[PDB]
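Pasting a structure here, questions to come.
Cβ sites come from the backbone with ideal geometry, for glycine too, and all protein chains shown count toward neighbours. Nothing in this text is a laboratory measurement; each read-out follows from the coordinates by a stated rule.
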Amino acid sequence: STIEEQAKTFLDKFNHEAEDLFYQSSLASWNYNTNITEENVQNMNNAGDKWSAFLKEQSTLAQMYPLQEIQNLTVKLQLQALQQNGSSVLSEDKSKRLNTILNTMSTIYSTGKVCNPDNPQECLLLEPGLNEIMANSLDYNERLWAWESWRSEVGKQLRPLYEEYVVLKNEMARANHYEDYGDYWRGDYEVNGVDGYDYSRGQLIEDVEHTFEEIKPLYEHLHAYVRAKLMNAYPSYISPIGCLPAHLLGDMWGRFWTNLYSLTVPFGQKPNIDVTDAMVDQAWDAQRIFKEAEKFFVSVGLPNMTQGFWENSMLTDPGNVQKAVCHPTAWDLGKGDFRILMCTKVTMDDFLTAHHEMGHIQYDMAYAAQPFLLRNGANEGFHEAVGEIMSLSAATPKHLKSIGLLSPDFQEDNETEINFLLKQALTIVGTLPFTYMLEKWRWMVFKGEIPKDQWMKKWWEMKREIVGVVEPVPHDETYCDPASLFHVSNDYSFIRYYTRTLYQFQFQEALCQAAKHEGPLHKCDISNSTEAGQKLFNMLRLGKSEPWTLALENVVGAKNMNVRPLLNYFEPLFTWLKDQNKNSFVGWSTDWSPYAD
Amino acid sequence: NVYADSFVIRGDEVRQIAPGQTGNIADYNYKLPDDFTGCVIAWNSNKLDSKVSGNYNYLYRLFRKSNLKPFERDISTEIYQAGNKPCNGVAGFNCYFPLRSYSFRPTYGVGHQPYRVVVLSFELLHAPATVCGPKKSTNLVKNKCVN
Ligand SMILES: *[C@@H]1O[C@H](CO)[C@@H](O[C@@H]2O[C@H](CO)[C@@H](O)[C@H](O)[C@H]2NC(C)=O)[C@H](O)[C@H]1NC(C)=O
Ligand SMILES: *[C@@H]1O[C@H](CO)[C@@H](O)[C@H](O)[C@H]1NC(C)=O
Ligand SMILES: *[C@@H]1O[C@H](CO)[C@@H](O)[C@H](O)[C@H]1NC(C)=O
Ligand SMILES: *[C@@H]1O[C@H](CO)[C@@H](O)[C@H](O)[C@H]1NC(C)=O
C-alpha cells in the first residue's frame with residue numbers, strides 16, 4: 001500500500017535491464033574505436049538508439065508517482081536522477097529547431113577552415129593546421145593575422161545561432177523549473193536532505209569568488225614576471241603598466257601557457273631532465289611501462305588489475321594494416337570489463353599519462369558495487385582529480401631512482417626545482433582565472449542581465465580587469481568571441497576544469513602528509529605507504545550514493561575548497577619570484593588598447 | 001541417500017549458497033538450510049558455456065512473494081503482482097515478469113563468469129547403506145602368521 005515498495009521493485013528490474021543494454025552499447029563503441037569500419041558505425045548507432053529509447057521509456061514510466069514519499073535516500077536519489085524529462089515535454093517543432101542549431105554550431109566550428117591571403121591551395125583548418133603558427137612562431141604580424149582570421153570568420157556566423165540557442169534553452173530551462181539555465185547547470189552540485197551536509201544552487205557561485213580571492217596576488221607575481229620576460233621577447237609590444245595582448249601566449253584563445261617556457265626558462269645550462277632516452281638506452285618496451293604502473297599500485301597497496309584487462313586491451317598501435325583511433329582513453333565497458341586505449345611510444349610522457357589513465361581505471365574498479373544509476377564520481381570533477389595525482393607522484397626524482405630510471409648518485413638543488421615549479425605553474429595557474437572568467441560570462445548571459453547589445457563589449461570588460469588581457473584589434477557587435485572555444489560550441493560546461501585544480505591540491509595535502517614526508521609538498525609521494533591507500537580507498541569505494549561533501553570530509557575533514565595548499569605547493573617559486581619582481585611593477589593598468597597605441 | 005542438485009550461477013553469487021546466507025538466490029531461487037547434511041562444489045566454466053554473441057539460455061527467478069522453504073522447486077511463472085489492483089494477465093505497470101535471463105559472454109570479468117555448482121546432500125537411513133567409502137590394502141602373503 002505504501003510507495004517505497006513499488007519504487008524498490010521498479011529499481012530492482014531497471015538495474016538488471018540497464019546494465020545489459022549499456023554493455024551492448026559500450027562493447028559496440030569499443031569495437032568501433034579499435035577498428036574503423038562503417039559497419040561498426042551503424043551497429044554503434046543502433047546500440048545507442050536502443051539504449052536511449054530504453055531510457056526514454058523507463059523515464060516516462062517513472063513520473064507516475066513523485067519522489068516525496070521515499071525515506072530511504074538511496075532510492076530517492078535514483079528517482080530524482082531519473083525523473084527529469086526535458087525535451088519530451090517540449091513541443092515537436094522546437095526540439096527539431098534546437099537539434100538543428102546544435103548540429104550547425106558543431107559543424108561550422110569542427111569542419112571550419114580559413115584560407116591564406118590569396119591561395120586556395122594552402123588553406124588552414126584548425127587542428128593541426130591553424131594551431132602551429134600560433135603555437136611556435138615569433139612574427140607578431142602573422143599571429144595577429146591568424147588570431148583575427150579565426151574569430152572574424154567563425155564567431156560572426158555563430159552569433160545568431162547562439163541567440164536562438166540561448167532563447168530556446170532558457171524556455172527549456174523554465175520548462176524544467178530551473179529559471180536561468182545556468183542554475184540547471186549548477187543543479188548537479190545541489191545537495192539537499194542530509195542535515196549538516198546540505199547545500200544550495202545559489203550557495204555555489206560566490207564560493208567560487210570566495211575561493212578566487214586568495215589566488216590573486218601570486219598570479220600577478222607570476223604575470224609581471226611573464227610580462228617583463230616578454231620585454232626581451234617582443235621588444236615593442238610591452239606596456240609595463242598594462243595587460244597582455246591576446247595572441248602572444250604561444251597558443252590559441254588563452255588557456256595554457258606552456259609554450260612560453262622555452263622563452264621563460266630561468267636557468268640556461270641546468271636542464272629539466274627527461275628520462276625518455278634512459279628508457280631508450282637500457283632496452284625497454286611498451287609493456288614494461290604498464291607493468292611498472294601496476295607495480296606503483298602494489299606499492300600503495302591497492303587492488304591489482306584483472307587478467308581480462310591485460311588480455312584484450314590495446315597498448316600498442318597496429319602498425320599499418322588498420323587505422324586506429326589512439327586518443328588515450330580509459331574505457332570502463334561495464335560488467336567487470338576495463339580496458340585502456342593508447343598508442344604508447346617509449347616516452348616519459350606516456351609513462352606519466354599511463355599513470356594518469358590507470359588512476360581512472362582504479363577509480364572505476366572501486367565503485368563497482370553500486371546500482372547502475374549511481375556508478376560515477378560523486379561530483380563531475382572528482383574523476384580527473386583522482387586521476388591527476390599519480391602523475392605528480394610519478395614525476396618525482398627519488399621515485400625515478402628507486403625504479404632504476406635514475407642513477408642513485410644524482411643530486412638535486414634549487415634551480416632544478418624552480419625550473420620544475422615554473423613548468424608546472426604554466427600548466428596549473430594560468431587556467432584558473434580564464435576558466436572563472438568564461439564561466440562567469442556564460443552564467444551572466446544565461447541570466448539575462450546582459451542583453452544582445454553589450455555581449456562582445458562585456459567580455460572585454462571582464463577580460464582586462466580579471467584576467468589581465470587586452471584585445472589587439474577592435475571588436476564590434478558583428479562578432480561573438482566566447483564561441484571561438486571548443487567547449488562553448490559543443491554545449492559543454494566549463495566549470496569543472498576550475499574546481500578540479502582545487503580538489504587535487506587538497507588531496508596531495510591530506511594523503512601525502514599522512515605518509516610522514518619531510519620538506520615541501522612538491523617533493524612528496526605515496527610509495528611503500530599503506531595507510532595512504534586505505535584513506536584513499538575509503539573514498540573511492542563510496543560511489544555517488546552520498547553527498548559529495550561527505551566524500552570530501554572522508555578525506556580532508558573539510559567541506560569546501562581551500563587554495564592555501566596551492567599556496568604551499570607553490571612556495572619556493574613565490575619566495576624567489578618576489579626577489580625577481582623586486583625590479584618591476586606588479587599588477588596591470590587597463591587602458592592600453594594597441595589601437596590607442 | 002545421495003542428492004545431487006545442480007545449477008550454474010554468476011561468480012560473485014557463489015558465496016550465497018551456504019548455511020546462513022540470504023539475498024537473491026537463497027530467498028527466491030535455491031534455499032539451502034542452515035544445518036544441512038552435505039558439501040558444496042563449484043568450478044569456473046567461462047571457456048565453455050559462453051560465446052561471442054552471448055548466450056541467453058540460463059534463466060533465474062527474480063521475483064517472489066516470500067522466501068523458499070529449503071529444498072523446494074518452483075516453476076510457476078505467472079505474472080507478478082506488486083501494486084494493489086487486479087492483473088487478469090494484462091500488465092505494463094505494477095505487473096512485472098518474475099523470470100529474468102542471463103547474458104554470459106567471454107569478455108567479462110570474474111565477477112560475472114558462469115560458475116558450475118553441484119550440491120551433494122547425503123545422509124543415512126535405517127535402510128542398509130547403499131553408499132560406502134574406500135577399503136584399501138597392500139598384498140597377500142602365504143605360509144606366515146599374519147593379522
Ligand atoms: C575490422 O574489423 C572487421 C570486423 O571485426 C573485419 O571485417 C571482417 O571480419 C570478419 C570476422 O567476423 C572476417 O571474417 C572478415 O574476413 C573481415 N573482412 C575482411 C575484408 O577481412 C576487418 O577485417 C577489420 N579490419 C581489418 C583491416 O582487418
Ligand atoms: C535502505 O537503507 C538501509 C539502511 O539505511 C539499507 O540497509 C538498504 O540497503 C537500503 N535500501 C536499498 C534498496 O539499498
Ligand atoms: C600484485 O601484482 C604485483 C606484481 O605487479 C605483485 O608483486 C603483488 O604481490 C600482487 N599483489 C596481489 C594482492 O595480487
Ligand atoms: C642553490 O643551492 C645552493 C646550495 O645550498 C645555494 O648555495 C644557492 O644559493 C642556491 N641557489 C638559489 C638560486 O637558490
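Could you grab the pairs with beta carbons closer than 8 Å, sequence gap of 6+ or different chains, first residue in the range A:301-315 and closer than 15 Å to residue A:390 by Cβ, second one more than 16 Å from ligand 1 (Cβ to nearest atom) and of a type in the set (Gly, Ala, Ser)?
A:301/A:529; A:301/A:533; A:302/A:533
Inside the range B:16-52, can you point out the residues that are over 27 Å from residue B:96 (Cβ atoms) and without any contact (Cβ under 8 Å) to a residue 12 or more places away in the chain?
B:48
Would you pick out the residues in the range A:36-45 that are surrounded by 14 or more Cβ atoms within 10 Å (Cβ to Cβ) and within 12 Å of ligand 1 (Cβ to nearest atom)?
Hits for the range A:36-45 are A:40, A:43.
With respect to residue A:101, is the statement that it is assigned to a helix (DSSP H, G or I), among the hydrophobic types (A, V, I, L, M, F, W, C) and away from ligand 2 (no atom under 16 Å from the Cβ) true? Full working, then the answer.
Working: assigned to a helix (DSSP H, G or I): yes; among the hydrophobic types (A, V, I, L, M, F, W, C): yes; away from ligand 2 (no atom under 16 Å from the Cβ): yes.
Taking the combined requirement at face value, the residue satisfies it.
Scan the range A:118-129 and tell me whether some residue there is assigned to a strand (DSSP E or B) and exposed (fewer than 14 other Cβ atoms within 10 Å of the Cβ).
Restricting attention to the range A:118-129, the residues satisfying the condition of being assigned to a strand (DSSP E or B) are A:124-125.
Of the ones still in play, those that are also exposed (fewer than 14 other Cβ atoms within 10 Å of the Cβ) are A:125.
Yes, there is a match, as at least one residue in the range A:118-129 is assigned to a strand (DSSP E or B) and exposed (fewer than 14 other Cβ atoms within 10 Å of the Cβ).
For residues that are of a type in the set (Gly, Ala, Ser) and free of Cβ contacts under 8 Å to residues at least 12 places away in the same chain, tally how many sit in the range B:84-108.
Within the range B:84-108, the subset of a type in the set (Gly, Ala, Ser) is B:89, B:91-92, B:101, B:103.
Among the residues that remain, those that are also free of Cβ contacts under 8 Å to residues at least 12 places away in the same chain are: B:89, B:92.
Here the count works out to 2.
Please specify each residue of the range B:82-112 satisfying the condition of being more than 7 Å from chain A (Cβ to nearest Cβ), within 26 Å of the chain's Cα centre (by Cα) and assigned to a loop (DSSP other than H, G, I, E, B).
Scanning the range B:82-112 gives B:97, B:98, B:102, B:104, B:105, B:106.
Another one. Just the residues that are part of a loop (DSSP other than H, G, I, E, B) and within 14 Å of chain B (Cβ to nearest Cβ), please, taken from the range A:287-313.
In the first step, residues of the range A:287-313 are kept if they are part of a loop (DSSP other than H, G, I, E, B); the result is A:301-306, A:313.
A:303, A:304, A:305, A:306, A:313, listed by residue number.
To continue, here is another question. In the set A:64, A:44, which member is at the interface with chain B (Cβ under 10 Å from one of its Cβ atoms) and among the aliphatic types (A, V, I, L, M)? So that I can check it myself, show each step before the final result.
Numbers: A:44 fails: at the interface with chain B (Cβ under 10 Å from one of its Cβ atoms).
The conditions single out A:64.
Would you call residue A:360 free of Cβ contacts under 8 Å to residues at least 24 places away in the same chain, buried (at least 17 other Cβ atoms within 10 Å of the Cβ), closer than 21 Å to residue A:502 by Cα and of a type outside the set (S, T, N, Q)?
When the stated conditions are applied, residue A:360 does not pass them.
Still on this structure, I have one more. Taking residue A:321, is it in a loop (DSSP other than H, G, I, E, B), without any contact (Cβ under 8 Å) to a residue 12 or more places away in the chain and either under 26 Å from residue A:41 (Cα atoms) or within 16 Å of ligand 2 (Cβ to nearest atom) (or both)?
Details: in a loop (DSSP other than H, G, I, E, B): yes; without any contact (Cβ under 8 Å) to a residue 12 or more places away in the chain: yes; either under 26 Å from residue A:41 (Cα atoms) or within 16 Å of ligand 2 (Cβ to nearest atom) (or both): yes.
When the stated conditions are applied, residue A:321 passes them.
Can you give me the ranges of the helices (runs of 4 or more DSSP H) entirely in the range A:204-276 with at least 3 residues that are surrounded by 15 or more Cβ atoms within 10 Å (Cβ to Cβ) and in contact with a helix residue (DSSP H, G or I) (Cβ under 6 Å, 6 or more places away or on another chain)?
So the answer is A:216-228.
Same structure again: So if I check each of A:12, A:93, which one is of a type in the set (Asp, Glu), more than 14 Å from chain B (Cβ to nearest Cβ) and not in a loop (DSSP other than H, G, I, E, B)? Write out each step before concluding.
Numbers: A:12 fails: more than 14 Å from chain B (Cβ to nearest Cβ).
After ruling out the rest, the residue left standing is A:93.
Sticking with this one: Look through the range A:46-74, keep the residues that are surrounded by 13 or more Cβ atoms within 10 Å (Cβ to Cβ) and over 19 Å from residue A:11 (Cβ atoms), and return whichever of them is nearest to the chain's Cα centre (by Cα).
Ranking the candidates gives A:48 first.
What do you reckon, is residue A:71 outside any helix (DSSP H, G or I) and within 16 Å of ligand 2 (Cβ to nearest atom)?
On the way: outside any helix (DSSP H, G or I): yes; within 16 Å of ligand 2 (Cβ to nearest atom): yes.
Against the criterion (outside any helix (DSSP H, G or I) and within 16 Å of ligand 2 (Cβ to nearest atom)), residue A:71 qualifies.
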